[PDB]
Every structure is written in structure tokens, then in C-alpha cells.
Colleague: 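Below you'll find the structure I mean.
All ligand and atom numbering here is 1-based and tracks the order in the structure. Values below: every heavy atom of this structure, side chains too, minus hydrogens, waters and symmetry copies. Proteins come first, then strands; the chains are lettered A, B, ... in the order of their sequence lines, and each starts at number 1.
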Amino acid sequence: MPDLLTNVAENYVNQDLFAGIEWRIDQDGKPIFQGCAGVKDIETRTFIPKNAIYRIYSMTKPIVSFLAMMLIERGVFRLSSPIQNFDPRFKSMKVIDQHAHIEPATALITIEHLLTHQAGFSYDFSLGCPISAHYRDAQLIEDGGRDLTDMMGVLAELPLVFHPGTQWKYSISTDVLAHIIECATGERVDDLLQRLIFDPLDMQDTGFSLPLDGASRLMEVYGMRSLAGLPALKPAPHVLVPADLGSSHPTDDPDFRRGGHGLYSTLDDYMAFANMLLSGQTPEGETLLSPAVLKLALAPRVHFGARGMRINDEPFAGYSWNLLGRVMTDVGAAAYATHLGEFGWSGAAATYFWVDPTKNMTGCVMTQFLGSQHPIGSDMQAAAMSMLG
Amino acid sequence: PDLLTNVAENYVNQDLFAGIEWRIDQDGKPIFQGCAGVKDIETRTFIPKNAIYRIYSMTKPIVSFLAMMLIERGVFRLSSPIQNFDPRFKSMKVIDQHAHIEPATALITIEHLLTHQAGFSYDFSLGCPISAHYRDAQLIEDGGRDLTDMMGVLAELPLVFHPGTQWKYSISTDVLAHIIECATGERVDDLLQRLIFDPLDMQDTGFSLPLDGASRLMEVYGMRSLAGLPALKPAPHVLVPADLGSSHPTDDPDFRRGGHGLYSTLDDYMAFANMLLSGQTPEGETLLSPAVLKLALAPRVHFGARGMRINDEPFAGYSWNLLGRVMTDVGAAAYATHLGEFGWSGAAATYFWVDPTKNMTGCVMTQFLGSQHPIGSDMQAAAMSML
Ligand SMILES: C[C@H](C(=O)O)c1cccc(C(=O)c2ccccc2)c1
Ligand SMILES: C[C@H](C(=O)O)c1cccc(C(=O)c2ccccc2)c1
């Protein structure tokens, strides 16, 4: 019953493992626990500003996935839609394996494959993956200044690493999804996110560029995990040194937009999104997604074998995959406190959130550390679970 | 006793075959030979001198041998993708018995064609997922269509498995004949004439009848029909003349195929069979080197418990080499043979064998489509027993 959340965060700051941390836990749509620890940057020790801004990386994916579900509801496409219907550059895909064998794909990539990371795409930083070296040579993630549409043209020429539908591998497929959304609608994904999600939820600080007053609110990002170079064979030491993002994550590029990363947000903005996922509605009662399609989106859809869900061989114990991210399907296999049906996702800079329908609960932890050797997100979830009976 | 004569005469006396010729050679010279019956039961004309037979799939070892000669001469190789010579065979699809279609994951090669592992089917393959589409396209029925044009129609149809992954007796020897034409810029009938028939003095073998051939052509009997669907049970074995429609013209100067269509004689086919003991003409001219003949005869496709089957009929103890069947287990065989015996047969019940352990060749010529009696194997067994 003590405040384990503050204890976790203060200990991380006091041990020089994270510069600054913010968190909020809501229940029934209202804050029940919240706090902050540390500073905006350790170089000057400026205090965490009001409505501090974070690079949320793959916490972009549940947002872009939710947009796709809205467009499915509105009839733009369906889960079974072949993506080549919208961009013929994804016609005639090939599949490569670890033995240098290449053959034509025997199934078409669908919207559902993109949402479930079963399309056969890879990721630039996937260690040991048969094709990731070719992704890195193409600078798919590193070259943030390249237009989404043009990056997709380069990706489309590369082989998949399995036949669509047959395996699971966490991937660039959410970026493909953002692009296919643009093809299917004739609109830009950032404009669609603004009009259909951010504005109805009053997420005024969320987007692919900083707000006008955003520079002074941007949290510094730390860590040794590097985008420029080969995936490491052992984790870099966990040290608070400012991270060099190269040109991968611009702050003021009006055309920068992605599906798998790239949003800036705030704790308050992301909690508005997370709370919405408990119902599909805005706080006033506008429906962003009907209950039936929200249930379709949250139902466990990819189930895993004995070794479970893994990303670069890191486990997500007891989790299955739904159309928006992870979902807890076996508390008896879980590695940290949770409840059946808890869902959410996380980002490369150690941001983390969850939604727990059994407790009408949402939680989010914001920090900026790339390559963390400490699972701060899960530690904060566990603390909150222990505090909510 | 003359077991060969007893088998043949019994077949004639029981009204099962109209006329039968046979010859067995050892060391290039006849040791057994005979005939029984007539050219046609309607007029009871005797089997003529140098009687002519439609040899159907005994065309395949000849066209396969030609392909081996062209391999030896560097025209192509076993691993050559056929799409290099005819791009209509680029981007093949594969269909299955559950209506699923997907792109082929391997290219069809020359070796696939020679081994019936390319994924092609045959018009009369009962139960085969794609054979209905072959029949709708009249691939075998339409004998007047030029080989090149028939191949264009075939190339648009899906395979029934991915190239290299299974065995199914098929139209692939016709594809091989066509790819030979593409690779050489010559016609397959002209190549066969120059490279095989003329050196072996096979003056009566070809895709059309000789000028004096009409009176020598044996009548063909049987109820197995090319027209309709493959039958669910065999038609009665009765001596009624067969209607070939337009599938097997006698005087079309452009008719040529890889899997069927040759006319030949007993003497001509024995010249070919005897050559396969050495790769040489009787005079000693080399048609195929010993090394490539060995490559062609070595067992290349091995079969599971069900063994080699064509429309579910077994070839017990046989494996497949680049020219046809080859005996690989005498203890599995269903009739007398020796290890390494090889050869093939045709739809009108013609049959031949080469037995290297005995320096022996044999051929039985008759004309019956849809036979319910294995006359070829009965005659091989009789000949083996007379040694
Ligand atoms: C999967 C990972 C995440 O969001 O978890 C992700 C997605 C997209 C981009 C990036 C990066 O920019 C990056 C930065 C430093 C090192 C490696 C990658 C990381
Ligand atoms: C497979 C079979 C054979 O040579 O064994 C074959 C190959 C080619 C053509 C034909 C036919 O014309 C035919 C004639 C009557 C009935 C069915 C097919 C038969």
C-alpha cells in the first residue's frame, strides 16, 4: 500500500539510470496516481517542464493501428484487403531464407498481415535476420528525411523473410500500413491522425513535428543503442550519455510521417488515447470506434508457441498479439504483475503504457532512454498493479 | 517350349488382339521372333511385311535420347530452365485439389521434363486437378494444331505441383520436343531424322506414313476414347476399331510431338533398342558417349511404398531414368526381369525392353487402346523364361 511507483522512479533517477521520468495511472477516466522524478536533461539539470514532450517511438503503432480500424469501420478497406490493390509496387513479392534461397511469395500481403506483423517484413535493426542488412543498406529507418512514399518504393523491392501469414516477426509493417492508408484514402496519414484521433481527443501536443512552443519542452534522449551500424551482439552499457539520432527523427520537418515511430507526445496526451481504448469513445461520448470493431481489434489474434512472443529474442511472457499490440492471455505465464486482458505497447526510448479493463485502469510511463538494460515500463506497471487491489 | 508363341496365339485365339509381332535379340542378332493373327479382323489380311504401328509413348525414349545427344553437344544442360528458351513458361502457377493456386517456387528445367517432375499433367489423367482444363483445351485431341501453338495454350495452364517436388507421368516430353526446337532453331522431326533414324537405318519411322505405307498400317482396336472424360472403370476389352479423330494424322507434314505420334516397325524399333546397349550404330558410329548414356540410364527418380504408378497402375520394382523405366529391385518385380532392365511402352500396347545383363533386347508390336491384358509384360516374361 505504499507508493511503489514513486519508489521505482526515484530509485532509477537516484541510480543515474534515467534522467527524468513522468507517470500517470487513471481509473474510471480520472487520475489516481501520478508523479515525476529527475530532470529534463542531466547536463543543465533543468526541471521537467510542464507538458514535457517525449519521442514515443513504437507507441506510434497502436495509434496508427487504431486509425486503420476506424477506416475499416468506415469501409475504406478490410482486414482481408490485399495491399497490392492500393500500391501495385507490392505485387510480386519474393521471400528469402537464411540459406540464400529466394522464391515468389505464395500469398498476398493483406491489411490484417500488416496489423499482426505476419506480412513477412523485417526491421533494420533485427539481429541475425536474413534481410535486415539490406534494410540497413537502404537506410529505411535511418533516413528520416525521405518521404514515406519514397521509402516504401525502396522497401517494396526487397524480399520478405517468410510467406505472408505463416509466421510472426515484429517489423516495419506498420509503416507499410501508414503508406497503404495514404494510398487507399488519397490523404496523408498525419492529417488523418489529426482529424480523426488527435483533435477529437484534444491531444494538442501529439504529431510528427514539435509544436510551436515545443523546443523548450522536449526531453533529452539518452543511451548508447545506435541506429547507424550493425545490431550489437551484446547490449551496450546502460549509461546516461545523450543519444545521437542522426537524421532519423526530425523535429521540424512538415512532411515527416511514419507508421511505426516518429510521433512526439506528452504524458497527458497519451493518457487521453489510452483511456479512450477502454470504450472507443471520447470523454464527451463521441464514438471513435464502435464496440464491435474495438472488440475485433482487441481480441487475441496471434498465439505463440513454447518460446512465446519474442522481439530480438527478448520475451513478452504470457502475451499474445491483437491488432493494436500486446494482450495478456495467461497470467500464469506472465513475468510481472498484470491481469487477463491487459493490453498496450511501448517504444524504443523506454516509454510504456497499458490498459487493464478488469480494473478500468490505464497507465503510462514517459522517459527517454534508448537501449535500456532496465525494464522500467514493466516495473512501473507492476508497482501500479500492486497498488490497486 | 516356345512360350512367346503360346502367349501371342492365346491372345489372338481369345479375340483379345488382332495381330502381334515380336522379336528378341541377343548380341544384336535375333534369337526369338514370330507373329500371330492378322493386320485387321475385318478383312483378315495377313500381317504385312514391315507392318507399321502407332507406337504412342514409345516415342518418349527416342525424343529423350535426342535430348541427351543435344546435352552432349552443348545445346543445353539438365539444369537449363526451359523459360530461357520459351518465355511463355516464365511465371508458372501451381493448382491443388482444394482450388488453391499459387506461383511456382521453382523453375522448370530440362531434367524436370525428362523425369516427369515438372508438374505438368495429361489430358486423360483421372482425378487430376488440372486434367479437365487440358481436355477443354484439346491438347492431345487436336493433332492438327502445330506443336508450337499447342505449347502456347499449355503454357497458360497451372501445374499440379511445384517443379521438382513430385512425379507424375505427363505431357512434359511434348514440352521437351518444343524446347528442343526453341534451343536449336530446327524442327524435332528433322532432328530425329538426321541424328537417330538415318544413322540407325530406321527408314519407316516418322510422324507420317511413307509413300507406300498405307497398305502396311496395322488397324488399331479398342474402346478407350480420347474424346470424353477418363473412365471410372475400364471399358470392355473388345476388338472394335478405334476412332482416333484428328489426334494421329497419317499424312500431315507438320505433325510432330514429343510424347506420342511416331509410326514405326518392329525392325526399326529393335534397331533403336539394340543401340541403347552401347550408344553406337551396328557399324560402330557413336550416337551418344558411354558417359552420357550412363547418366541417362542411371536410376534418377525413386518411389515410395505405393511405387511408380500411372493412373494408379503399378510398375512394381521400377524406378525412372532419363529415358523411361528401369528395374531397381527384382524382389519387388511383378514379372520376370533382371536388375537394370529398362525401356518403355505405348498406349496401343506396344512394349520394349533392354536387358544389359543378358545383352538382350525385345519388342512386342500390336495395336489395342485400353488393354485389360498386360501383353507387353507377358511377352517379356516369356522371353526371360526362354533363356
Ligand atoms: C523498434 C524500435 C522501437 O520503437 O522499439 C524502433 C522503431 C523505429 C525506429 C527506431 C529507432 O529510431 C532506433 C533508435 C536507436 C537505435 C535503434 C533504433 C526504433
Ligand atoms: C499416355 C498414352 C500412352 O501413350 O500410353 C497416350 C499418350 C498420348 C496420346 C494418347 C492418345 O492418343 C489416346 C488414345 C486413346 C485414349 C486415350 C489417349 C495416349
Colleague: Write out the residue and atom name of the closest protein heavy atom to atom 11 (C) of ligand 1, then the distance separating them to 0.1 Å.
Modeller: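 Protein heavy atom with the smallest distance to atom 11 (C) of ligand 1: A/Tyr57 CE2, 3.6 Å.
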
Colleague: Which ligand 2 atoms are under 4.0 Å away from a heavy-atom of B/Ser225?
Modeller: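 So the atoms of ligand 2 that pass are 16 (C).
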
Colleague: Should the pair B/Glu181-B/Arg256 be classified as a salt bridge under the 4.0 Å nitrogen-to-oxygen rule?
Modeller: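 Salt bridge between B/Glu181 and B/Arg256, a charged N being under 4.0 Å from a carboxylate O: yes.
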
Colleague: To which protein heavy atom is atom 6 (C) of ligand 1 closest, and what is the distance rounded to 0.1 Å?
Modeller: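 Ranking protein heavy atoms by distance from atom 6 (C) of ligand 1, first comes A/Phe125 CZ, 3.5 Å.
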
Colleague: Hey, looking at atom 8 (C) of ligand 1, which of A/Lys61, A/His261, A/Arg258 has the closest heavy atom?
Modeller: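 Looking at heavy atoms only, A/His261 sits closest to atom 8 (C) of ligand 1.
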
Colleague: Would you say the rings of B/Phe303 and B/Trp167 are close, in the sense that their centroids are separated by under 6.0 Å?
Modeller: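 When the ring centroids of B/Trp167 and B/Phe303 are compared, they turn out to be within the sub-6.0 Å range.
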
Colleague: Between atom CG of B/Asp268 and atom CE of B/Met365, what is the distance when rounded to the nearest 0.5 Å?
Modeller: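 It comes to 8.0 Å.
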
Colleague: Between B/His248 and B/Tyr263, is the ring centroid distance below 6.0 Å?
Modeller: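 Yes, close enough.
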
Colleague: Can you figure out which of A/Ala348, A/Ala243, A/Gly262 has its heavy atom closest to atom 2 (C) of ligand 1?
Modeller: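 Checking each option, the heavy atom nearest atom 2 (C) of ligand 1 is found in A/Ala348.
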
Colleague: Just to confirm my output: which protein heavy-atom neighbour is closest to atom 4 (O) of ligand 1, and how far is it?
Modeller: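 Looking at atom 4 (O) of ligand 1, the protein heavy atom closest to it is A/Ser58 OG, 2.5 Å.
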
Colleague: Given 3.5 Å as the limit, does a donor-acceptor pair link the side chain of A/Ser372 with the main chain of A/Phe369, or not?
Modeller: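 Not a single qualifying donor-acceptor pair exists.
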
Colleague: For atom 15 (C) of ligand 1, what's the nearest protein heavy atom and its distance?
Modeller: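 Going by distance alone, atom 15 (C) of ligand 1 is nearest to A/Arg225 O, 3.7 Å.
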
Colleague: Any nitrogen or oxygen of B/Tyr122 lying under 3.5 Å from a nitrogen or oxygen in ligand 2? Just yes or no.
Modeller: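 Not met; the criterion fails.
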
Colleague: Name the closest protein heavy atom to atom 14 (C) of ligand 1, giving the residue it belongs to and the distance to 0.1 Å.
Modeller: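 Here the closest protein heavy atom is A/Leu227 CG, 3.8 Å.
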
Colleague: Considering non-hydrogen atoms only, spot the tightest contact between B/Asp251 and B/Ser208 and give its length.
Modeller: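 Result for this residue pair: CA-CB, 4.3 Å.
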
Colleague: Are a donor atom and an acceptor atom from the side chains of A/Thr367 and A/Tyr54 found within less than 3.5 Å of each other?
Modeller: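 Their side chains do not contain a donor-acceptor pair, so the 3.5 Å distance test is not met.
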
Colleague: For ligand 2, find out whether one of its N or O atoms is nearer than 3.5 Å to an N or O atom of B/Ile140.
Modeller: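 Not met; the criterion fails.
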
